[PDB]
Structure formats: structure tokens, C-alpha cells
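Whatever order the structure lists ligands and atoms in, that order sets their numbers, starting from 1. Residue numbers begin at 1 in each chain, while the letters A, B, ... track the order of the sequences.
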Amino acid sequence: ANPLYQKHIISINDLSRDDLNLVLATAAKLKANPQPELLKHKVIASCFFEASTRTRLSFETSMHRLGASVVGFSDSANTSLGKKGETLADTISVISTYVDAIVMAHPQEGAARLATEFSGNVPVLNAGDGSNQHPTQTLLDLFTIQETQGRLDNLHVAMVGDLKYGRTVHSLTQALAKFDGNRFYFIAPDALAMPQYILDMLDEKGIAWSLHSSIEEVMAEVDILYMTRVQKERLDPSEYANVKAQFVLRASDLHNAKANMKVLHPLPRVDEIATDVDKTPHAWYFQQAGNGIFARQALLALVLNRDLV
Amino acid sequence: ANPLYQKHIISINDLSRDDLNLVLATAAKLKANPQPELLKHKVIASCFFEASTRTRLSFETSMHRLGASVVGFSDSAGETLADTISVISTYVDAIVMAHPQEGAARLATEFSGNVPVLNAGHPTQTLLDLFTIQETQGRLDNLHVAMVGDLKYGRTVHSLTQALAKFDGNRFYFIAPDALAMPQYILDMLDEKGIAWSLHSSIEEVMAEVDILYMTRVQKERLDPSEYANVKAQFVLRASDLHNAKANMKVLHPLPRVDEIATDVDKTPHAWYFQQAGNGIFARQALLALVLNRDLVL
Amino acid sequence: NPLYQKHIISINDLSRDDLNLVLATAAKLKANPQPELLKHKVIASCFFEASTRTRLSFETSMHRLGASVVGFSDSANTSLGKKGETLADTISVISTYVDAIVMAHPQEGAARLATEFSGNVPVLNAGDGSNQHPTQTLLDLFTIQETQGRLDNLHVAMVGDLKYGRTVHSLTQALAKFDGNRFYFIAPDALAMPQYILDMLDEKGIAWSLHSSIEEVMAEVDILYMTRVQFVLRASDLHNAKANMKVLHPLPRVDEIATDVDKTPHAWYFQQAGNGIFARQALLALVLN
Ligand SMILES: [Ca+2]
Ligand SMILES: [Cl-]
């Protein structure tokens, strides 16, 4: 009855549409009736090998909102882990003898799937592995889309900025591609284009996507405008001309936006969303960030508790 | 109702006298009678953009003594700060922050929404100073208070002087190098209120009269090295200086100390800087409890 | 109990009876958890020296008993390097906040120095970054006791860097407080077990011998205790091992234990690390109740 019990959460690709809807339904229930003791007597490792203050504080808050305890580190440079040449595999194996679940973010794509080979029984939750996947960002993104659009089907969704290195949009496009009738607009520098493996997937599913050279040319029809930061720390040095944001959203761009349209951003932002956007009714990134608590609580509850909420 | 509920606490002098009295009464109540589940189901951010280890550990201990959960960062190892605050304020019930840049905490209050911001670096230092005085002397009025060291640039003695001047009948003794004197605008306020103060070049000459001796550093940057070499010993406290001390007298120091309190002071009955530091727990518990809990602890 | 409010700086300060009390308590807590035992305690996790595995193990143990934690995970991140911040004053202040202090520090004796300034507050030494500190030897002993059923009359082989792997020095001294144990030391000449350890065993009438390989003694060993050079064990070397034999390693390991050992029934270094939780729970419960 709880298909996420004790499941590793590494990639959206591994989750089903029903899985996504179950997390979202559980998040709305907990948002409505908190369960502050549900994970009492659990200890969870917050292992941010790659620092990400917003995501870690979101995850750790969600742990505490369910009554779990927390141990961990905020950056692998603040640790002695690996300093003698030992493997990440061994680090995970040892930590897995301590805790009831491992939340990990790591600079290398695939590191979270590697961890699942060595964690024995303990679930690994991928809080972001380099430029690859970010499945819990997608879960809070979907909860937010569901909340503001009333549905996850038949949406016009624009994704802007660094689509190549953006783990956020890899996971979110895969998830939305599990629903029906969605239409994608990709607005990105040529060098930071959405990768081919995402495009082939949409093709094989018969899902329409197209490339666009401006936000304005798609503004009138988008329901969700998903903005991203250039992943400066992941760019190849030959991609240095792409560090500066090529597409900037300003309040004036919203003059012909649909009444229901919301602008999302996984955050942090550089200048791709000007601060005059913050005051409009379309700005929804901080609401989105707040919904991460409910999405991440839901996931933690479903993974760590045998039965449903 | 509780007048500090959901209030930002950025500066000590934003506190009315009634609110100061409320904090101090609440600290005393919690110290005598702990309330270990008061902040159960609260999550508090401990946001130390620049490390301030002793202050962070004190604040976080205070959170746990009240049953609250804690998330944060202990060190970073304007536009982003605004967004950082906006994001964290969607997670937590209160933000405790230390930040080295001018105006950072007040700017945080513009972007935290309904989430109160508590400045850790600062208001809780003057609060724990006052709490420690009130607890060791039984009152905050009609005291003899000596302050020693860099009285010109020390913000902590300025705040303590200003706060103690809101109580009646205190007599002040300022003991400082001539170049680091208590500034005129403080003196002017004491003058106009009829509060007696005097200057003294030695700790010993007022030791017989003082209830609180509040010690601070005289840093080498402040004086010429020829002057520093001749003057510093006048502002160093040694155990032998305490010969004529009243039995109630307490030696305070906001910490860290360098050499201005010799270690032989540490085991006299008058040394009280470590107990004062421990009182930060109760001062910080009080502020957290009043800001975060709608109802007063009865 | 005799450990109440006591500093735990060095395992050699513990008698045989003290070791038994910790191990018995560890076993009791493993059998029947006590999740609220240290409810309303706040414990300081002061890792001046990072030692992250030991830190995570210690903090998990605190949480499994219901205590709260404050601390820092490396000196470099703190303000304890600024002028006037001394270790003595830092401990003096922290001991007004917390109910106990767990501390690792890069300099030898740092934890013992801290007991001079912590007042009534117990200090628990977590080492200098290495695996020599009391709870490591306690979890080693707990793991030997649990798997072998005893701490007496064992055949213990210690392999690797026996000169600088000080945890083998502690473990040998601890096991020499028990009865009838026999030691096999397998190490290069430059990294051989220190003479002061051999003399100690001699004084106790405890048998030991040096061996050039582990195949020489494998059929008789009960515990194979491996160390990292501050002699590579492979799955095929275990063919003639006794059914009770267990391979231990304080960790981290590099190449001295090939990963094909991990799947064999004798690999026990990750179970051993897991036992850190119960040894550390036990120490904290006894020191604070
Ligand atoms: Ca525009
Ligand atoms: Cl993947």
C-alpha cells in the first residue's frame, strides 16, 4: 500500500506517475495536518558533499518537522572523509550503519546511485548529483505547479537559462513528460541547450517541444515559466562566454502573461529574474521554496514509514 | 499579551524599559524553573554568516533547552543576502543571524516576512550583562559601576552605560587611557540626567566602593607603542587589586579576554565572567521564548 | 555507578571492571533501546580536529538517547583562532552551556588539559584525528566480545602498521587486562609492535609471537585485526579460517583489505563500525546518569 517504503530516490526516471501523485497527495495532507512526531526515533544523515545551503536547510527543516534527528556535514571540505584515500563506497557503508536514511548531494553525476550499492538497507535520497538529477526539487516543483495550475496535464511550460547543466530541468522535464498533453518551450544559449537525451525521450513519447530565442515570444501562452541560473561552477572553461545570463525576466515582460501564469525558479538566482518581478502576482519562487518543506516531508514519511499517512 | 511576540530584535535600544524588564523577569523565571518543551515544534535558523563560535553555541544551546529544533550554518566557509533570508523565512519560525557587514540584520528584517530576526552580532550581550548584574546584586538601581579599558570604541560599554542609566541612582566610574575615554555624548546624557560619574586612572582607588567591575580589552592598535607600554598595566586587573573589594562585588567581562584579567583572578570569589557567559543561556532563552511564543510563560 | 560524571580521556584509565560495565551497558542498550534516557541533556560535539566518522557516530549515539547536540566540525571554520580565544577559556565557557563535552583536537593531551577547566562537566576524548581514543577501543572490545562470546582465551592477530597504528597499542593493552589471550604480530620490520608493548605482555605472562605472513596463523586466529599503514588481505586467504573468525579494521582502509573480502562471512569491519553506536551510547549513559 506504500510503494515508496524503503525506496532509494535517485532519479525521476525510476519513479512512476502514481509515485509522483502519491508524494503530492501526502504533501498536501501533511501541509493540512502536520505530523510532528511521525519520524521520532529516526536519525537521518544530511550528507552535503557538495554544499547547497537552501536545499540542505529545506531537507533538514523537513526532517525536524517530522520529529527526526539529524547528523551530517554541509560541505565535504569541512570533513575528514576520504582524506586517507578511502572510497566513497566505504564512507557510505560506515554511515549506513549509523542512520535510518542518507540524504546526499554530491558534485559528481551518478554519485548517489553509486551510494546505493554500498548503503545496505538504508535508503539514499539524491539531493542533487552534479548536473544530472534533482528528484526532490522536481517533487516540490510539481507540488507547486499542481497547486497553482490545479493540474499537471495539458500545460505549456517554458524552461529558460542553463538547460544543459541544470539538474533541476532534467528531472522536471522527465516528470512532466509522465503526464499527458504538456508542451515545452526551451529558451537557452546554444552552448547550454537541453541535452539530446531529454529531447529523444520527449520525441519517443510524442510530446511537443521547440526552441525559442526569447521569453517574450512565448509569454502569451505559458502557464509555467521555469527560470534557471547558469551553473557557473559546472561550466567548461571554453563555455565562459555563457556565464552571464542571456535571458532576463523583468516585470514588463509579464504585460501579456496569462492570469494563471506563475514564474518558478529553483533558486538561487543571479540576475535572470529582476527584482521588480518579486512584487507581481506571477512571482512564485519563494512560495515554491516554502512548498519544498511539504514535498520533502512527504517523501521522508513515505520512504521511512511502512504505512501511509 | 506578549509585546515581543513576532518582533525583530536588532538593537538593544529598540527595547522599551517595560520590554527590558519583561526579558529579565523571563530569564530569571526560566533559569529557576526550566521549561524544556516551551518551543517544542519550533524550528529556528542559526545563521552565522561569519563564525562567532561561543555566541552561536550559546544561542543554539538556548534553543535546545526550550525544546526547539535547529538548522543553520556556522560560517560562510546584499542581493544574495536578501534572497537567502527570503528563502530561509519560508522554512523556519525564527532567524538568529550574525553577519559582519553594516546593516545586514536590519536588511534581513525587510525580507523575512512574518519571521522574526534576532541579531546575534549585540542585543543579547547587553541583556546578559544586565541579567548578570541584576542577579548578583538583586537590583539594577543604586549601584556603583566601574568600566575599564577601551571606553571610546567599545560598543558594549556604551550600551551597558546607556541601559543602566535608565535605572535610578547609579554611580559610574570610568577607568580608561586618555585617548580611549568614554565619549562626550554618553557623558552629556549622564550629566543632563543628574547621574554622577567620575574618571580614575587606577582600578584600586575605587575598588572599595564598586559593586560591578566591567572589564574590556585595550587593543594594541588603539595607542602608540610607547604609550601602550606605559599605560596598559593600569588597565590590567590582578587578584591583588581585589584586596579591598566589597563582598558582593563581581568582575564582569564580555569575552574574549587577552591579558587584561590575569588568570589569578579566575579563582577569587569575585570572578564572574564565566558565570556571566552562562547567563547568556537564560537571556537568550528568554528572548527566543518571548519572540516565538504568543503567550507569556506563567 | 563508578563512571558517573567521570572524564574519559584514555582507555588505559579503565580497569577490567570498568570495561565490563561499558560493554554490558552497550549490550543492554543494543537489546533494548532507551530513546529518552538523556532527554533534556545538551551535549557539545567539539571537533577542533574534524574526524568526521567518529563525530557522526558520537552525535548519532547522543540522538539515540534523546539528547540535543551543539558543536563545530573543524577548527578552521570557527572563531576560536582569534586573539584572546584560548582553549582553556573556550572550555570554561562551553562547560557553562552543556552537560558533557565530546572533543577531538589535533594536539596530544588537549582533552586532558580541558578537564582542568570544565568544572563539573565530563570531558570525553574523541582523539586527535587518528583511531587512538577511548570509544574506538571500546567498540573494538564490544565487537570482539559480541562475536567471540568472550574477551578471554582468544587468539588475536594484529596486522599492518603496528608502530604508528596506536589503536593497536590501546587494544593490546586492553586485551592484556583479560585472561589467557595470545597475540600474533604480523608487520614489516620498520613498523613492528613497540617494545614497551611486548615488555608489558611479558610482565603479565601473556604469550605472543611474530609471524612473517598471515597464512602462518590463519587456522588458529579468532580475531584478525587489520590496520592501515600510517600485507594485503584477500578473500582467498580465508579458506582455512575457523567458523568464528572475524576480520576487524578500525577504518578507514585502503588497499590492505581487498574489497573481495567484504562479501565473505568473516568480514566484520562495517559491523564493527556500527558497534560504535552502542559503545558510545553506553559511555554517554554511564557518564551522565
Ligand atoms: Ca524582456
Ligand atoms: Cl540517474
Taking side-chain contact (heavy atoms from CB on, under 4.5 Å) as the criterion, tell me which of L302(A), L299(A), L15(A) meets it with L22(A).
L302(A)
Is the ring pair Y197(A)/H170(A) parallel, tilted or perpendicular, if the boundaries are 30 and 60 degrees?
perpendicular
Step through it carefully: locate the ring centre of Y269(C), locate the ring centre of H249(C), and say whether they are under 6.0 Å apart.
no
Protein N/O/S atoms closer than 3.0 Å to the Ca ion (ligand 1), ordered by chain and number, come to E216(A) OE2, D253(A) OD1, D253(A) OD2
If we check side-chain contact (heavy atoms from CB on, under 4.5 Å) with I293(A), which of these qualifies: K31(A), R65(A), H64(A)?
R65(A)
Please verify the inter-ring angle class for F143(A) with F294(A); under 30° counts as parallel, over 60° as perpendicular, anything in between as tilted.
tilted
Check the side chains of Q196(A) and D200(A) for a donor-acceptor pair under 3.5 angstrom, ignoring hydrogens and angles.
yes
